[PDB]
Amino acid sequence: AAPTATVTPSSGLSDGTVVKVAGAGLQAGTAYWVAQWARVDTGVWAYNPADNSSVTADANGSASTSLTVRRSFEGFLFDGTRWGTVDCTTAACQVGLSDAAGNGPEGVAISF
């Protein structure tokens, strides 16, 4: 089963909204980082470190947790580098689950 991700709600969001993030077809036993992202340049994605969560897939490859989304946030690169302000009203933000290798379900688009 190919890994899939679900975010509810995902559209018509307000800043500080708490969304339910669910994953399926994940690698059982593997921990996934649950964060809000935005592709800010070719090959460059910045995420929101101020609101993070992580969940571990069960024996069936499923997991779920909560994530507080932000209309705008101070974006950072996964290596700890500060990127800059990301405005999700203009940029195409997403919520994603990624393992230690950077793999996982396709990011889920969200809108404010």
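Position 1 is the first residue in the sequence shown; the rest follow in order.
Comparing 43-51 with 72-80, the higher mean C-alpha B-factor in the PDB entry belongs to 72-80. Of the two segments, 55-63 and 33-41, the one listed with the higher mean B-factor is 55-63 (C-alpha atoms only). Per the deposited record, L13 carries the highest C-alpha B-factor of all listed residues (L13, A100, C93, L97). When the modelled residues of the chain are ordered by their C-alpha B factor, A5 lands in the middle third.
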